[PDB]
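Side chains included, hydrogens not; waters and symmetry mates left out as well; all remaining heavy atoms used. Note on naming: letters A, B, ... go to the chains in the order of the sequence lines (proteins, then strands), and numbering restarts at 1 for each one.
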Amino acid sequence: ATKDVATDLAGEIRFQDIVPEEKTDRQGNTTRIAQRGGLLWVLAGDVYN
Amino acid sequence: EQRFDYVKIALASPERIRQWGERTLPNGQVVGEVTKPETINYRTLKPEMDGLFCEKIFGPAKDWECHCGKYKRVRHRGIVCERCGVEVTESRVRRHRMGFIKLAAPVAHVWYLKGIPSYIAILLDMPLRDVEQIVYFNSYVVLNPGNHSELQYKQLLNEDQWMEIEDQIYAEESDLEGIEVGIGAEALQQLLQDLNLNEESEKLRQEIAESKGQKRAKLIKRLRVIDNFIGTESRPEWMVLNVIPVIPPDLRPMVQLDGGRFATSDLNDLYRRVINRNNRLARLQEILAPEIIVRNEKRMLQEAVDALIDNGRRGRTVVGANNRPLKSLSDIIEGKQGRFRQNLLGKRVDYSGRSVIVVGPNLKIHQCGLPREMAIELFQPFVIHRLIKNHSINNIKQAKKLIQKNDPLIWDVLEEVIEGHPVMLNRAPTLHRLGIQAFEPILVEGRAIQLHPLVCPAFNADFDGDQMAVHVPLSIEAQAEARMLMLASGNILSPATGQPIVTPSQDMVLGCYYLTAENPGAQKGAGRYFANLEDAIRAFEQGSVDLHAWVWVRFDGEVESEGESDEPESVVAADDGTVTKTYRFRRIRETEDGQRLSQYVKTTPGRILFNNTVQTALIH
Amino acid sequence: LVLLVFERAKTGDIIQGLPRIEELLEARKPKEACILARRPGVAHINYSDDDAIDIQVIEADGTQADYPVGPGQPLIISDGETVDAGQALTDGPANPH
Amino acid sequence: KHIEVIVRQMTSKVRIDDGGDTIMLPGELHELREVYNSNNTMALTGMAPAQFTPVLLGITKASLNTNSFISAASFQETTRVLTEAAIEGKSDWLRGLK
Amino acid sequence: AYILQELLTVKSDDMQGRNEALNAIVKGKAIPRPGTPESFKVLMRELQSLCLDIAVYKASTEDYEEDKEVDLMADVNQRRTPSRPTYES
RNA sequence: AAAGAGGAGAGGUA
Ligand SMILES: Nc1ccn([C@@H]2O[C@H](COP(=O)(O)OP(=O)(O)OP(=O)(O)O)[C@@H](O)[C@H]2O)c(=O)n1
Ligand SMILES: [Mg+2]
Ligand SMILES: [Zn+2]
């Protein structure tokens, strides 16, 4: 089973101990998997699009 | 001994199909071919002369009476009336006799064309799409390449391409006189008639060795089929139909309800459609119609035959009055409601009953209670026989009148007819072999069946709305089997695990628990001494002792207690070489390294009652 | 931000027990298990960097086998243990085919 | 005992590979004892025997490979079974219940 | 086995055995042996209607003589077969 | 002598 995680803030992103990993399929698409989990920090700010 | 030894199935040739439904008459004519979509006359309810219900083909509709009403009676043993051709015999012959229909054009059997393996496609070494396109008039096929350079044997063509080749050949030129035979039609009988089985078998066997992988396996499959057609000596072209059998008319009844109208049967509609299309195609072919209208009729005839055999297998489904598909021949033998799983592996039976169950105490474990209204109906022939033999009445009619009038004597006869005759009882979900059991019946007054409480867990039944079914054996062998194999007093252990199955269940357990429990309160008469196990019971019935008091009783035998100490709590040695050993629940007197002299047990009157009941039950 | 992947929690009870019996009696393919394919009988766990566990099974003649382990496959053996042909290594329902 | 009786019916066949000269085409399922007896009889003269591989069938695949078409037709897939039996010209000797 | 056989044939659809059993019970004699149920014959006719050649055969006891087909839809005994059981006389 | 034929929907009881 799967569950999405959303954010209630808006700002910059920082990684503490998460270690990303890149995997590819047989069609050329790439997806990123967290090899080592940890904490993901969102720092407040005003975001302009 | 036995009439037959084994059953065999094979493919059917047109000769065998014709032989099934053809019979001759002492005139020189032959009958058996149906040529009209007519069933019966609307004015007088009699069958027509050459339709689906004809009497010359299938047989007379009344016993020993021909169609024109001129020969009757039974003294004739198989003569045929020489004005209408109807044989004079019983109407039971309408359950066996078959007919046949001769088709204007050949059609393909849908079972051998649309299947998980396709046998026509495998035999012809062609994909299923090409074979399906040759049939149903969607493409042409080259049956003979001739002296051409691009054409190949068994090559799919099209209308435009055939037009181009036709222009080339019909240009009155040379080098093209190779007799190109491209026929877009059924055209499968010709391709199947050109097969040589032995040469292809040798070629495939030679080619198998020099191959590997999925290429080999495919060839192997083909080889299999080919060798089959050599073992059975069948012809591969028999998969294309020229004659069609017709089922006896008594298996598709018409039924005369509706006051003025008639009932609906689905096989008759399909047969009528097939006959109509065949007649139209024959008439069109007779007068030399243009060959663009004939192919239409051929296609509709093929579709009609396909719908008759298996509805919805290939294309659209035939729909009756409401948008509900009709029932074909393959829908009668197919599923849970088909012939196999409904009429052959299970049946309805005679001499059976059903009713609600109540609880009967004071019964024996091999006994049941039957209401009189059910019993007087389930045992009628035996009662009639005993009324004729003893208490000589006269004949059967007088006995039936006596039974209907409800004379008091019939009950006296029935009370002794049923004595010694077992009966079988069943509950609806039969999960194991203990769901059917045999009992001995006794007559009761009421409308409910009485059941012994000790057999409820095996049936999984309680008295809040359940119902049971009753069956009666007839022959002596069945009665012996019921008595010696299924009687309810001999089913003690479980076939799944060798554990007891007739243990006391709900209130007997509570009573036995209350009888033998402990009660620090209500200790009246405690400490008394008794001899025998009967003195304690007799004192209890007088009210002089309570039920849970602690008393000493003189008992010689093996005794087990709860928490008894194996070590002698007290030992007292007296003169003349005697010793008294006192335990928690016992007191034993012994001589000098010898035998016992007395033993007393400290117990409760209810435990004495329980053990005395058990001991007494094992001696009777 | 992310999409967590996990295993849902269910009850016991007979409704969840019969499907395993039906799967067993029909000889169908499970979704786990790693099976050793040769006799030898000397296994070295060889804990590598970034948690890349690779079991190495060493024969008496010097063969290596080199079975790799997945990210979420628990181990049911120890280091320096003796193993047999067809014996499971990393838990789960074995494939009988 | 019951589980052993059930399990025995699904672990007692073998798939034939390149049968030498006997009547055994590759891709067929045969009892192990029958193949053993046939090989024992055939190798007495000294010809080439057949190869095989054990298989594990399943409760419903093993019951559709019986020797009688009548019992298989009354279980499942009536039309396919009857078509194959008619093509092969099979016969039924009426052994066992059902 | 005898209970099952009597349930399947005499009590359901053996059109000739029903009357024999009833009259044997009434007269107090033994019940004669059964024959072939009607549903099997109905199934055979339905299968033959699909252009399938299915029949029952009798094994050849001796000699080279081939096995002979048996006609199931034929009368063996010269006795009546009414639709419902009745008390004769 | 005679006497019920199937089918399709909807609702209940173990
Ligand atoms: N779909 C169903 C429903 C009921 N049953 C039968 O009917 C029983 C139901 O018994 P019931 O009296 O309704 O309930 P119990 O479980 O016996 O409980 P209680 O009598 O105490 O209410 C089942 O065990 C089973 O034998 C069944 O076979 N199929
Ligand atoms: Mg209940
Ligand atoms: Zn006449």
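The distance between atom CG of B:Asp63 and atom P of F:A1, rounded to the nearest whole Å, is 14 Å. Atoms CG (B:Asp331) and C1' (F:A8) sit 16 Å apart, rounded to a whole Å. The interatomic distance linking B:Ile357 (CD1) with F:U13 (P) rounds to 18 Å, in whole Å. Atom pair B:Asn268:CG and F:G7:P shows a separation of 15 Å (rounding to whole Å applied). Rounded to whole Å, atom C1' of F:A1 lies 17 Å from atom OH of E:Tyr87. Atom-to-atom, CG of B:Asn322 to P of F:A8 comes out at 12 Å; the value is rounded to the nearest Å. A straight line from NZ of B:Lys62 to P of F:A2 spans 11 Å, rounded to a whole angstrom. In this structure, B:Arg261 places its CZ atom 15 Å from P of F:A5, rounding to the nearest Å.
Across all strands, E:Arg84 comes closer than 4.0 Å to base atoms (heavy-atom distances).
For the pair B:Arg386 and B:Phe379, the NZ or CZ position fails the cation-pi test of under 6.0 Å to the six-membered ring centre and within 45 degrees of the ring normal.
Side chain to side chain, B:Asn395 and E:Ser89 fail the donor-acceptor criterion of an N or O pair below 3.5 Å. Between B:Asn41 and B:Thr44, the side chains place no donor N or O within less than 3.5 Å of an acceptor N or O (distance only, hydrogens not considered).
F:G7 has its base anti relative to the sugar, with a glycosidic angle deviating from 0 by more than 90°.
Here the side chains of E:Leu8 and E:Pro37 are not in contact, with every heavy-atom distance at 4.5 Å or above.
Taking ring-centre separation below 5.5 Å and interplanar angle below 30 degrees as the test, the adjacent bases F:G7 and F:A8 pass.
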